[PDB]
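Given next, in structure tokens, is a single chain: the form deposited in one PDB entry.
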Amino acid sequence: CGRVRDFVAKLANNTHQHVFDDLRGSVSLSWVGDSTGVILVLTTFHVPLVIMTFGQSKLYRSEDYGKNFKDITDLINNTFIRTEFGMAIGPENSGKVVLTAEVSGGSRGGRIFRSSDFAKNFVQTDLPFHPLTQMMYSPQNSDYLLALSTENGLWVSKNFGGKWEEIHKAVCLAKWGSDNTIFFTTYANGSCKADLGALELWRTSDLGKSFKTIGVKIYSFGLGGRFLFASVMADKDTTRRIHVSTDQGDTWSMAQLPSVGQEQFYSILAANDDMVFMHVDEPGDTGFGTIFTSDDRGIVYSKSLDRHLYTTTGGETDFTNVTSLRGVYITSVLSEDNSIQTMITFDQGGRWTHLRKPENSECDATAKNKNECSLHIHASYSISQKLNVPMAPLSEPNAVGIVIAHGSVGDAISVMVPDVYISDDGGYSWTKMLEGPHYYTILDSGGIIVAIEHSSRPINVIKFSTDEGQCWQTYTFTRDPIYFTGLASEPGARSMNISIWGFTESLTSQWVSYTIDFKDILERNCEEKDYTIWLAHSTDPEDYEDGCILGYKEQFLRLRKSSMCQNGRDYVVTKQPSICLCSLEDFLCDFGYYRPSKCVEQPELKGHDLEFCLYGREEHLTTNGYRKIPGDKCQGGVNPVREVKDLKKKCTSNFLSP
């Protein structure tokens, strides 16, 4: 259980320490680009003037994945940098970096230091305004920036912060869309506060040259997948409701979601190109709500999960996309007895259940039956409640099936100090990875898993696993233990470098990082033989339709646990889809339909169903009864859809009409 011969020698000469002399304040890390190895470390330290110690704003750069750093503070002329704006990194490998400076009180405007070459050269630029927000890059064009001023003006730059033009004077919120489209809300009188729900949603396509109003009486708006959502307020009422556009505001449509009051919120939990998970807050100070899943138009919503945990005013939620397996999401629900249970869906919210517990795990004191229970997961909520949880769940899309999380085994989330659990099949089965709380990182698309023990005392040991968490080996990475703070590694989980951050034991503490290159641990490159065939979502091996999720199967080529080798940076996850024939279970009920296995017409259109029916587009009122699940790719088999009805006359048949 640990076949890495002489790992100490393979690591000792690959351990690179960097002590950060003259650091006393907060620290921010930013990676600049992929496969560049560039890391920027920013610090800002404010000191009272009656203290002989001066302030400090340092800036360090690395280009070897954190092995060595260079103090490049001279490049920003040793200027105080606004902590709140941090480091505005450009998209992808544009190498764009923008830092905002603190300017003296009374200045005409603010100023920024810009770099378009991965922080090798910086330039000053005095702004015609004082920034209120972090500058935002256009996804389509890194040279395009926008920002809100302290006077709530919207400013746009076409030349990467060089020159700026104000394009609107009373803006509350502004976002980049596709093709350099800007969406922004505006107020008429007073402020964004006073015009709560009385905002106007505008859009510009030509970078401020022209505009179009695309919504009035606006509360707020959001972007998710191909969907533009706006919450609109009622008339002579203080409720609001979701409207949605897929043509960037040219045409809108009222969603089949309940309207909410002032103390309620909507939350776009997750959105892709096929659909959106929408959380609606429950009336009252409940701290829970209901998850709805939409069709591919963001219009018809089916109830997916009740009593979904999500605290007041949209605080903390445990809703997690398990990104290492298609269709898998975990979250927390609130029981009737005010305990919290974790639930997992494998088919994009079509069905939820409890997580299967590890074969060997015994049950908590939370478990009424000592022998039978389930696994529950610590996430954002547990962390907020000051439980001993150092990390939320982790998963990376290039590490197929792998999920790592702090949890507990019983009938509910335990307040006890949690061990760490791992799944390799995307959530179906679990095993205790390590005992006690740890920080964890995935390297080389699953090729290596790294873990640091969470302690209140300084540590000097890192743990690694080359077989996806089954077996572990410990490595002492420094002579003098450090107070651990964090793990840094290149986004994408493809590097073989990991950085251990922390401060020395002290006579004042000094920041220090130890970066380890595992290049000699996995001295062999993976070959075809090192991979096996793996059907995802397999529940019943002999079944002809085993692994069918949303219409199809996917067979992967996974690295063998036993195979100790490097996947490589350019590693491509190999998978083959098999398209399953459609059954009724690939279809969701359209508007005005429900199923008590076939979708049957509703006799009673009540609640928001009735609201939709009375105020919606006849296009959505004419249903087939059935609609195919978004993202579902089944071919052939059954097909229960048509155009049969027109439900407008149905609901209006009760009302007397003029």
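Heads up: residue numbers just count along the shown sequence, starting at 1. In this text, rigid core is short for the largest set of C-alphas that superpose within 1.5 Å between two forms.
Asks: May I ask whether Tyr593 is missing from the deposited models in at least a third of the other compared entries?
Replies: Counting only entries that model residues on both sides, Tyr593 is resolved in every one of them.
Asks: When the other PDB entries of this protein are compared, is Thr53 left blank in at least a third of them?
Replies: That residue is missing from at least a third of the other compared entries.
Asks: Quick check on the record: how many residues from the deposited sequence are absent from the model between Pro596 and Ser597 (none, 1 to 3, 4 to 9, 10 or more)?
Replies: Unmodelled stretch: 1 to 3 residues, a short break.
Asks: In this entry, is the chain continuous from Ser506 to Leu507, or are deposited residues missing in between (none, 1 to 3, 4 to 9, 10 or more)?
Replies: Gap size class: 1 to 3 residues without coordinates, per the record.
Asks: Look over 395 to 403 and 136 to 144 in the entry and identify the one with the greater average Cα temperature factor.
Replies: That would be 136 to 144.
Asks: Would you tell me which stretch averages the higher CA B-factor in the PDB entry, 290 to 298 or 110 to 118?
Replies: For C-alpha atoms only, the mean B-factor is higher in 110 to 118.
Asks: Out of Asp467, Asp306, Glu453, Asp337, which residue has the highest Cα temperature factor in the PDB record?
Replies: Top of the list by C-alpha B-factor: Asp337.
Asks: Take the CA temperature factors straight from the PDB entry and tell me which of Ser382, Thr79, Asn321, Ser414 peaks.
Replies: The listed residue with the largest C-alpha B-factor is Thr79.
Asks: Going by what the PDB entry lists, where does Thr313 fall on CA B-factor within its chain: lowest, middle or highest third?
Replies: As the PDB entry reports it, the C-alpha B-factor of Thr313 lands in the highest third of its chain.
Asks: For the chain shown, is the CA B-factor of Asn159 in the lowest, middle or highest third of its modelled residues?
Replies: It falls in the top third of the chain.
Asks: Taking only the Cα B-factors deposited for this chain, tell me whether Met233 sits in the lowest, middle or highest third.
Replies: It belongs to the highest third of the chain when residues are ordered by C-alpha B-factor.
Asks: When the modelled residues of the chain are sorted by Cα temperature factor, does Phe556 land in the lowest, middle or highest third?
Replies: Its C-alpha B-factor belongs to the lowest third of this chain's values.
Asks: Sorting the chain's modelled residues by C-alpha B-factor, tell me whether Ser374 ends up in the lowest, middle or highest third.
Replies: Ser374: CA B-factor falls in the lowest third of its chain.
If you look for the form deposited in another entry, you will not find it shown, but the lines that follow are about it.
Asks: Picking from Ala12, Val19, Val641, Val638, which residue has its CA shift by 2 Å or more between this form and the one not shown, once the rigid core of the two forms is superposed?
Replies: Per the superposition, the moving residue is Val641.
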